[PDB]
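Lettering of chains follows the sequences in order, A, B, ..., and the numbering in each one begins at 1.
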Amino acid sequence: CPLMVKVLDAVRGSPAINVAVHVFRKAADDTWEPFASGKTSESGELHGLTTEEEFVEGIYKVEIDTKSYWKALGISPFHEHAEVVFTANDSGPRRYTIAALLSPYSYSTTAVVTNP
Amino acid sequence: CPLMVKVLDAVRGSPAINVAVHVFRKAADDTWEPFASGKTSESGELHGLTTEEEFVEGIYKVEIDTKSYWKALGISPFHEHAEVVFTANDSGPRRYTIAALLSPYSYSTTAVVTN
Amino acid sequence: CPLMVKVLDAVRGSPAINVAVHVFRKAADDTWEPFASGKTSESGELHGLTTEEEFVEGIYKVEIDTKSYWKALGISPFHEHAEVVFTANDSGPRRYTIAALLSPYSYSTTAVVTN
Amino acid sequence: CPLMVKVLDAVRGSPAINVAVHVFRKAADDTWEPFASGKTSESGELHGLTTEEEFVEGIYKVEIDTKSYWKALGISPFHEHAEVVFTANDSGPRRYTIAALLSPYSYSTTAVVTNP
Ligand SMILES: CC1=C(CC(=O)O)c2cc(F)ccc2/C1=C\c1ccc([S@](C)=O)cc1
Ligand SMILES: CC1=C(CC(=O)O)c2cc(F)ccc2/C1=C\c1ccc([S@](C)=O)cc1
């Protein structure tokens, strides 16, 4: 599994469950093409977005739909979403975990990049 | 000053100086329109981006060119840029400070909305 | 002002106001000696903790009473307090800003060391 | 496993390996008694610190030895260590993960608390 997302909720001290995530890849014409999407599980994790074969070199945007997550919990958050934009596989195949920590007016995102 | 940006460097423990920042507003057709830009000062701050007259309710994107910042320090970063997308509202508090803390493989962003 | 503290609230997007802060210096016997204290202002800041004459090289602990802050907002927090421990050095930059971002089950702290 | 530590390195985008961790518990006389210690593994994780039986109600301090970690990588960091202080098991047994993200002049710590 070459592309990982893991989301935590800094208000509840829990995984952030059912968080929608949309992945895009920059096309040759410089537009964002839809690449993959999904929702975090009970554990706050999202696996199986892509395969090594399909996950080629490129610039990727991981959109984490934070506003919808917070709204459902009765909180009016600041951000529309978190977007994490990065070049992937530009030195051969890697495994990426995008880790996000969510508060209503703040978020952090960290990448864990490993060589399999 | 309705909209300020402050950027800090978590590796050097300093303001992040000369970081390019580009602000966009979402247009009716859902495309991003350039709105304002600048570079952070020696205090890591960017002021005078817009005015209260111009800064109307709407969706905005603040783009922070973190990749160029790290490259100028000889450090290989993960992100192309940091991206902060939000709705500006007239209701609640109306001075917006977008704060950002930068590491090569991590960033955090916080909004300070005051009266 | 050799040592400043700024505290932000990540739930409300505001300065963290009236947060008690206690500063300690490590004594020769490795015990913590009270050094300075105060409460954050309406801007979430604490100034005038010490002077350049008094703020000598040594190990310091800045304790931020986050638990009481959350309790006053009716929110159940994880931590007893935030704890920031560091060596003050004369060599490098010498205005220290201890910045802290608070969530109920999370906090971040950053040091801004300037010239 | 009722007490978890997981540490990441925000400079290298990797787990923080061989990070020393010391756990203390507040005694009846208000002193910090040594409770458990260990080092993060290749995955940045530390397991097996304690057992449900030994992990009773109390106030705990998790000290993460960040300064030694950074020094070995040739970086002079700001903090001596991270200390995470919390009441545990004060409403019955829980499982705790203390998650830390490290930069030379900054750190964050989040708790993930689950009911088994
Ligand atoms: C070690 C670690 C993990 C691994 C895990 O949970 O399995 C993690 C996962 C997430 F989804 C979010 C954060 C973390 C984390 C540390 C951490 C990161 C950012 C912050 S922000 C900058 O306040 C604080 C702490
Ligand atoms: C109080 C505060 C300020 C205000 C200031 O210093 O002027 C600030 C400005 C920034 F550009 C970035 C962070 C902070 C901050 C606390 C803080 C925020 C995020 C993190 S991340 C999530 O580790 C950690 C600490």
Side-chain angles (χ1 to χ4, degrees), chain B residues 1-19 40-47 55 57 59-60 62 64 66 69-70 73 82 84-115, chain C residues 1-19 40-47 55 57 59-60 62 64 66 69-70 73 82 84-115:
Chain B
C1 207
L3 177 70
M4 311 195 328
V5 181
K6 175 161 181 72
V7 188
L8 294 181
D9 174 330
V11 174
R12 297 157 63 89
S14 67
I17 304 171
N18 292 316
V19 184
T40 59
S41 72
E42 283 272 340
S43 66
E45 299 178 24
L46 185 44
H47 297 259
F55 192 53
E57 295 186 311
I59 299 165
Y60 292 82
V62 178
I64 304 169
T66 58
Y69 177 77
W70 293 116
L73 297 168
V84 188
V85 185
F86 62 99
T87 302
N89 213 121
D90 277 358
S91 286
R94 42 203 172 263
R95 298 256 289 191
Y96 294 85
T97 293
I98 306 296
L101 184 70
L102 314 182
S103 299
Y105 282 76
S106 193
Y107 68 88
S108 72
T109 191
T110 314
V112 191
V113 191
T114 55
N115 224 58
Chain C
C1 207
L3 177 70
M4 311 195 328
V5 181
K6 175 161 181 72
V7 188
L8 294 181
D9 174 330
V11 174
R12 297 157 63 89
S14 67
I17 304 171
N18 292 316
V19 184
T40 59
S41 72
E42 283 272 340
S43 66
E45 299 178 24
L46 185 44
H47 297 259
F55 192 53
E57 295 186 311
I59 299 165
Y60 292 82
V62 178
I64 304 169
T66 58
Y69 177 77
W70 293 116
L73 297 168
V84 188
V85 185
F86 62 99
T87 302
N89 213 121
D90 277 358
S91 286
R94 42 203 172 263
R95 298 256 289 191
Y96 294 85
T97 293
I98 306 296
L101 184 70
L102 314 182
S103 299
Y105 282 76
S106 193
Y107 68 88
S108 72
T109 191
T110 314
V112 191
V113 191
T114 55
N115 224 58

I'd like a table of all donor-acceptor pairs linking chain B to chain C (distance under 3.5 Å, no angle check), giving the atom names and the distance to one decimal.
residue, atom, partner, partner atom, Å
B:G13, O, C:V113, N, 2.8
B:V113, N, C:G13, O, 2.8

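- Interface remark: B:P93 contributes no atoms to any contact with chain C (heavy atom separation under 4.5 Å).
- Counting heavy-atom pairs closer than 4.5 Å to chain B, the top residue among C:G44, C:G13, C:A10 is C:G13.
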